[PDB]
Structure formats: C-alpha cells, structure tokens
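Below, read A as the first sequence line, B as the second, and so on, with proteins coming before strands; counting in each chain starts at 1. Heavy atoms only: backbone and side chains are in, while hydrogens, waters and symmetry mates are out.
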Amino acid sequence: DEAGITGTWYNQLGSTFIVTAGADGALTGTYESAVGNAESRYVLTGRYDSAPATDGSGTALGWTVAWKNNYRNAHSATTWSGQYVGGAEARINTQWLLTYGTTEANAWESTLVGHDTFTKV
Amino acid sequence: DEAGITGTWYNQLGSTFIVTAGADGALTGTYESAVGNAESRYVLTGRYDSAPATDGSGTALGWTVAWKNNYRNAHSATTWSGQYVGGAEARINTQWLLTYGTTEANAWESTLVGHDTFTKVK
Amino acid sequence: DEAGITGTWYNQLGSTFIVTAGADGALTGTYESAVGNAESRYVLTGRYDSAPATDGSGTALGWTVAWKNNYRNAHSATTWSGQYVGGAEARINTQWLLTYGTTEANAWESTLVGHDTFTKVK
Amino acid sequence: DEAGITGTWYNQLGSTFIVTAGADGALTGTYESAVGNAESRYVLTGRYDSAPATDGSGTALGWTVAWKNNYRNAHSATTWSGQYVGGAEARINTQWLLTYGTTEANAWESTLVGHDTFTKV
Ligand SMILES: [Cl-]
Ligand SMILES: [Cl-]
Ligand SMILES: [Cl-]
Ligand SMILES: [Cl-]
C-alpha cells in the first residue's frame with residue numbers, strides 16, 4: 001500500500017513522478033514533464049485509498065499538478081485519476097484531464113484528455 | 001485568486017465543496033457528496049495557478065478526493081480539473097474522472113467521466 | 001424513440017444539430033458548429049438504442065462529425081456520446097471527444113473533452 | 001487513406017473492428033467486443049478526414065456502436081475518437097466514451113471513459 005506507491009515512477013513519454021504516500025491517504029511529491037510548456041519539477045498533491053479491497057482489485061488514487069513553478073507558468077493544471085496495481089510489474093494506470101485558463105468564449109476548448117501508464121522501470 | 005477561491009462552493013447535484021487556497025498554490029479542504037456511496041466529509045487536496053494571466057482568462061485548478069473517511073470507504077477516487085472564473089457570478093467549471101479499484105480484467109470499465117459546475121450560492 | 005430524436009436540436013454554444021433516426025438504430029444528419037474552425041454544415045452519422053428500457057431511463061446514442069466539408073477541413077473529428085431524455089423538456093445530454101491529427105510526438109495533446117446539452121428550442 | 005483504414009482491426013482487449021472507409025469520409029462496419037454485455041457483431045458507423053494534412057500528422061476519425069443487435073441489448077453506446085497512423089506499425093489510437101441509459105437522478109454515473117489502441121496485428 002503505502003510502501004508500494006511511495007517512490008519514483010516513469011511514464012510512457014519519459015516523465016518523472018516522485019511521490020510519498022502517507023498512512024492517512026495523502027499523496028505529496030513532484031512531477032517533471034518530458035513534454036509541453038514545462039521545465040524542472042512541479043509540486044503535486046493527491047489522495048489514495050489507504051485501505052483497499054482485498055479481492056485482487058487495484059488501489060484508487062488521484063493527484064494534481066498546477067503547471068507553475070519558480071521557472072515558468074503555463075496557466076494550466078492536470079489531474080491524474082487511476083489505480084495502483086501491485087506485483088512484479090507494478091503499474092499506476094491513469095487517465096488525465098489538463099485544463100488551461102481560457103476566456104468564457106473559449107471555455108469549450110479548455111480541457112484535454114489522455115492517459116498515462118507509470119512504471120517503476 | 002486566493003481570496004476568490006477560498007470558502008464554500010456548491011455543485012449542480014447539491015454537493016458541498018469547502019476549500020482553502022494557499023498563497024503557494026495549494027488547495028486543502030473537504031468534500032461532501034450528495035450522491036453515490038458516500039457520507040459526511042472527505043479530505044481533499046489539490047493545486048491552483050496562483051499567478052494567472054491578467055487577460056480575462058480563468059484560473060486553472062484541480063483537486064482529488066479519495067472516497068475513504070472514518071465512516072465509509074468506496075474504494076475510489078475522483079479528480080476535478082477545471083478553472084475558477086471571478087466576477088459577479090463566480091464559478092468553478094470542472095470536468096471530473098472517477099476511478100474505482102478493479103481487477104486487471106475489469107480495468108477497462110474502471111473510470112467514469114462527468115462535469116460539475118460550482119457556484120457560491122446554494 | 002425514433003419520433004422523439006428525429007429533427008432539429010440546439011446546444012449551449014448555439015450549434016445546430018439536424019438528425020434523422022432510423023427504425024434500425026441509425027442516426028444520419030448534419031451538424032453546424034457555432035465555434036471553432038468550421039463553417040456551414042458537416043455530415044454526421046451515428047447510432048442510438050432503438051429499443052430502450054421502459055423504466056424511465058434515457059436512450060443511449062452517439063454520433064461522429066469529421067470536420068471536412070466542401071468549404072473547410074479542420075483535420076479533426078468529434079464524437080458525442082450521451083442519452084436522449086423524452087418528456088416535456090426533451091434533451092440530449094452528451095459528453096464529447098474532439099481529436100485532431102497530430103504527429104506522433106504530439107499525440108499526447110491530440111484530444112479535447114467537453115460536454116454539450118441539446119434541446120429542441122432555440 | 002481510404003485503403004489504409006479499410007479492413008480488420010484488433011485492440012488490446014482482443015476486440016475486433018471491421019470497417020470500410022468510403023472516399024467521402026464515411027466509416028461503416030461491425031464491432032465485436034471481447035468484454036462486457038456483448039455478443040457477436042454490432043453495427044458501427046463513423047467518419048474520417050478524407051484529405052488529411054501532409055505534414056506527418058495522423059488522420060482524425062471517430063465511430064459509434066449502439067450495443068443492440070439481434071442477440072442482445074445493453075442499452076448503451078460507445079463512441080471512439082482518435083486518429084489513424086500509417087506505416088509498418090499502422091495503428092488507430094483512440095479514446096472512448098461509453099454512455100448507458102440512466103434515470104436523471106443517476107445521470108452523473110452514466111458515462112465511462114477509456115482508451116483503445118487498434119492494430120492490424
Ligand atoms: Cl468471490
Ligand atoms: Cl464581460
Ligand atoms: Cl418525474
Ligand atoms: Cl514545417
């Protein structure tokens with residue numbers, strides 16, 4: 001649980017996700033994107049189910065990155081929603097929503113959707 | 001900004017979203033859902049753009065709730081992604097993803113998607 | 001059902017959706033978008049459940065528009081997925097995915113998601 | 001274009017997608033799901049960009065299946081939105097929305113989202 005999730009993760013684009021899972025269900029850490037208007041690390045914070053079912057199911061979790069740090073601001077935020085799966089091939093499988101700030105007129109085009117799979121590599 | 005976002009919000013389902021926005025970009029608070037396998041408040045945490053553009057654009061933000069508290073655990077988590085819009089009729093417009101724990105064979109059906117609009121008045 | 005769905009619909013952006021529902025479950029018509037890189041009508045095609053439950057549940061449906069017509073080509077396509085709800089205030093509530101052609105390096109940013117609500121009155 | 005898309009496709013779950021692309025941008029065919037409340041083939045219909053950019057970009061397309069056929073009805077419909085990518089490893093990369101009919105009270109839980117990658121295998 002806590003131990004399985006804590007540590008470094010990499011996704012299929014080469015991005016780096018460093019996270020600490022608290023016994024209380026907290027996720028905290030940093031994210032570094034291999035793509036987009038991003039450089040160096042960004043703060044992340046999220047939550048995970050700290051007492052998952054014991055029927056073979058994954059562990060639900062989610063986190064957010066606002067794409068502002070000391071280097072740049074891309075006026076956007078991404079949330080990843082998914083589940084942690086344990087085993088020899090531990091994975092965090094996610095889908096994500098990236099919203100950027102828009103005028104109300106352009107609200108219809110404010111949100112991208114995609115999917116990331118993270119491995120300990 | 002920080003002052004605009006902090007406080008109590010309500011969505012179209014009758015859910016209650018209570019949040020404090022930090023100067024650093026943090027969001028912290030609690031969420032109470034009017035629907036689903038949920039009761040009472042749940043911890044939420046997230047992030048918002050603490051230095052948005054000044055061109056009339058909204059403020060990007062997101063937050064997460066894991067649906068476990070001292071009363072219930074629905075083995076699932078929702079992330080809201082959207083933007084805060086100031087002015088007279090302040091709103092937070094979001095789309096969300098709800099993932100629940102599944103077996104690997106059932107992963108394809110693990111995630112719901114929807115949209116919530118939050119305002120300051122009941 | 002077939003009679004309820006067939007005809008002209010309007011969404012919250014001012015777009016116009018004209019559709020014919022077939023007895024077999026087919027949807028055929030045209031879409032005119034009030035926003036984006038689009039002008040005039042575009043062909044749409046899709047499917048709906050021609051034998052829905054009779055328990056008060058909505059009618060599932062979906063359709064696709066590729067944003068090429070005789071005037072413009074925006075190298076993109078939108079799919080709407082949702083349900084038709086009958087009764088006095090008939091609506092089609094949808095969420096949509098818009099994908100545009102990208103290079104492989106840019107695929108991660110190829111798809112927008114949103115929601116449209118269609119009604120019969122302007 | 002037309003030739004690249006037409007034919008049989010398989011996704012990562014083992015589902016089978018048989019499609020004919022028309023010169024006019026039409027997609028027609030059948031879908032057979034390896035999972036869910038589904039058996040045998042279902043009608044599909046969709047659209048694709050019949051004159052894509054020539055800058056290396058993929059070909060945008062989308063299609064719908066309503067999960068009713070002569071065998072069963074699952075009171076739901078899935079739309080796939082994505083792009084066709086040519087080459088030695090031709091792929092149709094998609095994201096999808098599955099909506100099932102619900103009461104208005106339960107509308108909030110009516111729609112699933114996911115992703116499918118199709119190959120000619
Ligand atoms: Cl069992
Ligand atoms: Cl104004
Ligand atoms: Cl009623
Ligand atoms: Cl160039």
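Side-chain atoms of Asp49(B) never come within 3.5 Å of backbone atoms of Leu61(B) as a donor-acceptor pair (strictly under, hydrogens ignored). Looking at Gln83(A), its side chain never comes within 3.5 Å of a backbone N or O of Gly101(B) through a donor-acceptor pair. A donor-acceptor pair under 3.5 Å is formed between the side chain of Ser33(A) and the backbone N or O of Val35(A). Counting only distance, with no hydrogens or angles, the side chain of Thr28(B) and the backbone of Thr20(B) share no donor-acceptor pair below 3.5 Å. Although no hydrogens or angles enter the test, the distance criterion places no donor-acceptor pair under 3.5 Å between the side chain of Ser110(C) and the main chain of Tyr100(C). Judged by distance alone, the side chain of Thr94(D) and the main-chain N or O of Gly82(D) form no donor-acceptor pair under 3.5 Å. Judged purely by atom type and a 3.5 angstrom limit, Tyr71(B) has no side-chain atom pairing as donor or acceptor with the backbone of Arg41(B). Judged purely by atom type and a 3.5 angstrom limit, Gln95(A) has no side-chain atom pairing as donor or acceptor with the backbone of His115(A).
When every heavy atom of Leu44(C) is checked against every heavy atom of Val65(C), the shortest pair comes out as CB-CG2, 3.5 Å. Among all heavy-atom pairs drawn from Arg47(C) and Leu27(C), the shortest one is O-CD1, 3.7 Å. Closest non-hydrogen pair, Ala60(C) versus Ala77(D), comes out as CB-N, 3.7 Å. Nearest heavy-atom pair across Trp80(D) and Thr79(C) is O-CG2, 3.4 Å. Taking each heavy atom of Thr45(D) and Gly46(C) in turn, the nearest pair found is CG2-O, 3.3 Å. Across all their heavy atoms, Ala34(A) and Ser15(A) have their closest contact at N-OG, 2.9 Å.
Within 6.0 Å of the CG atom in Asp24(B), the count of heavy atoms belonging to other residues, nucleotides or ligands exceeds 12. For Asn70(C), the CG atom counts as loosely surrounded, since its 6.0 Å shell holds 12 or fewer non-hydrogen atoms of other residues, nucleotides or ligands.
When only modelled atom types and interatomic distance are considered, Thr103(C) and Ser57(D) share no side-chain donor-acceptor pair under 3.5 Å.
Going from atom OG of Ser81(A) over to atom CG of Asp116(A) covers 12.0 Å, rounded to the nearest 0.5 Å. To the nearest 0.5 angstrom, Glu104(A) atom CD is 8.0 Å from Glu89(B) atom CD. Summarising the geometry, atom NE2 belonging to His75(A) is positioned 15.0 Å from atom OG1 belonging to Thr99(A); distances are rounded to the nearest 0.5 Å. Note that CD1 of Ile5(D) and CD1 of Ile92(D) are 6.0 Å apart. Values are rounded to the nearest 0.5 Å. A distance of 8.5 Å separates OG1 in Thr78(C) from CG in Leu97(C), rounded to the nearest 0.5 Å. Residue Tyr42(B) holds its OH atom at 9.0 Å from CD of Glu32(B), rounded to the nearest 0.5 Å.
Taking the six-membered ring for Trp and thresholds of 30 and 60 degrees, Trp9(B) and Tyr84(B) have ring planes more than 60 degrees apart, a perpendicular arrangement.
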Please determine whether side chain to side chain contact (heavy atoms under 4.5 Å, CB included) holds for the pair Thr117(D) and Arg91(D), giving the CA-CA distance in whole Å, both sets of side-chain angles, and the decisive distance to 0.1 Å. CA-CA 7 Å; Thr117(D) 297; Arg91(D) 293 188 98 95; 3.2 Å; yes
Show your reasoning for whether side chain to side chain contact (heavy atoms under 4.5 Å, CB included) applies to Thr102(C) and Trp108(C). CA-CA 9 Å; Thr102(C) 73; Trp108(C) 70 268; over 6 Å; no
As a quick check of understanding, evaluate side chain to side chain contact (heavy atoms under 4.5 Å, CB included) for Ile18(A) and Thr16(A), giving each step before the final call. CA-CA 7 Å; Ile18(A) 298 151; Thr16(A) 311; 4.2 Å; yes
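For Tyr48(C) and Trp63(C), the ring centers sit 6.0 Å or farther from each other.
For the pair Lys68(B)/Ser50(A), a side-chain contact is recorded, criterion being any heavy-atom separation below 4.5 Å from C-beta on.
The one candidate from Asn69(C), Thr64(C), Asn11(C) that meets the side-chain hydrogen bond (donor to acceptor under 3.5 Å, both in side chains) condition with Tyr31(C) is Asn11(C).
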